[PDB]
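The numbers here are math on the coordinates, done by the rules we state, and not lab data. Note that each Cβ is placed from the backbone with ideal geometry, even for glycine, and that neighbours are counted across all protein chains shown.
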Amino acid sequence: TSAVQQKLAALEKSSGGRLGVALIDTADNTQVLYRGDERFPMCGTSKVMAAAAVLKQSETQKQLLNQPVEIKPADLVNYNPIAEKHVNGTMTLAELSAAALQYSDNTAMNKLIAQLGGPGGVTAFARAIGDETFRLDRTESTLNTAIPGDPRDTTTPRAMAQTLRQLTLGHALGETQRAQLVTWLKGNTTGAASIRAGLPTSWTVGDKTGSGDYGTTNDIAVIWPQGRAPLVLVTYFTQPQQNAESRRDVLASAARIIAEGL
Ligand SMILES: C=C1CS[C@H]([C@@H](C=O)NC(=O)/C(=N/OC(C)(C)C(=O)O)c2csc(N)n2)N=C1C(=O)O
């Protein structure tokens, strides 16, 4: 047990829940893991895989991101802040990707899933880039049920950190696609109280949050400090009570502990 792992264990004990953390330091390719091989419900953090899968399609279909997609009343689900603005109209796949990633729009996510041929098309892209752990089983909004022990719509912190590294810092995507994903993540609007809240305010962050039942509160992030190699940080948190409140503060505290031990 390292110093950082003892503090993360203390944070978890103080929280009442179950915490999963994976850090990759790309300077020396070292890793910090806390419950790094346990499964956690992804919730909206799975939207990165779906957006990346559509970006991968656009490497062959070069104008794909410009393709209009109808938004119909039947498409609306539980949380659709951007798509509701375009019902009975269209959004492009670029606009749907940005809405899914930067506003956590669940209707937008369902349009990405449909473009990929169902949840199996998202999982397929994960396997194609070497992620053997990720599984997407359902569409929105039921993929956020986050039931303890349910393997559906889960991954592990170790696997998600490696995948996020390959998609953003690595070259699992083409050059313009990789840059587009980074731009989208940097422009996220839902992460101010999560990993970002625990990091020095001068560091540049791109991130995607997730939330669900059982007070499931997640965030995955690529971090660019000034003057050193970037980091990839995954923080997953879930709780014993189905109706538990969100705990974004736990993710901020985990990020702060990781930034300390660095
Ligand atoms: C803040 C949101 C808006 S909802 C959107 C999606 C996120 O992962 N979550 C849900 O749709 C969601 N589903 O749960 C229901 C209740 C639909 C379920 O699956 O039964 C949920 C629960 S608490 C919360 N906030 N969002 N996700 C998050 C996020 O952090 O990105």
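Summary table
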| quantity | calculated |
| --- | --- |
| Ranked packing of 202-210, 228-236, 129-137, most packed first, by mean Cβ within 10 Å | 228-236, 202-210, 129-137 |
| P(r) tail fraction, the chain - alpha-carbon pairs more than 31 Å apart, % | 19 |
| Anchor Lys7: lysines whose Cα lies under 27 Å away (excluding residues fewer than 8 positions away in-chain) | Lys208 |
| Inter-site label distance for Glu70 and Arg256 at 7 Å from Cα along Cβ, in nm | 5.1 |
| Degrees between helix 248-261 axis and first principal axis of the chain (Cα, 0 to 90, nearest 10) | 50 |
| Virtual spin-label span in nm between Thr176 and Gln241, 7 Å along Cα→Cβ | 5.1 |
| Cβ crowding within 10 Å averaged over residues, with 14-23, 114-123 ranked highest first | 14-23, 114-123 |
| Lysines whose Cα lies under 18 Å from that of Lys56, excluding same-chain neighbours fewer than 8 positions away | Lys47, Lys111 |
| Computed over the stretch 70-206, Kirkwood Rh from alpha-carbon pairs, angstrom | 16.2 |
| The stretch 59-94-the stretch 155-231 distance, computed between alpha-carbon centres (Å) | 23 |
| Cα-based helix-to-principal-axis angle, 47-58 vs the chain, degrees rounded to 10 | 50 |
| Globularity index of the stretch 217-262, i.e. its alpha-carbon radius of gyration over 2.2 N^0.38 Å | 1.36 |
| Rounded if a/c under 1.5, otherwise prolate or oblate - the stretch 153-220, Cα gyration tensor axes | oblate |
| Spin-label pair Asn88/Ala3, simplified geometry with 7 Å Cα→Cβ offset, distance in nm | 6.2 |
| Computed over the stretch 20-125, the ratio Rg/Rh where both radii use C-alpha atoms and Rh is Kirkwood | 1.06 |
| Cα gyration tensor shape for the stretch 139-262, rounded if a/c is under 1.5, else prolate or oblate | oblate |
| Choice from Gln31, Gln226, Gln241 showing the highest fluctuation, given a GNM over the chain with Cα pairs closer than 10 Å | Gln226 |
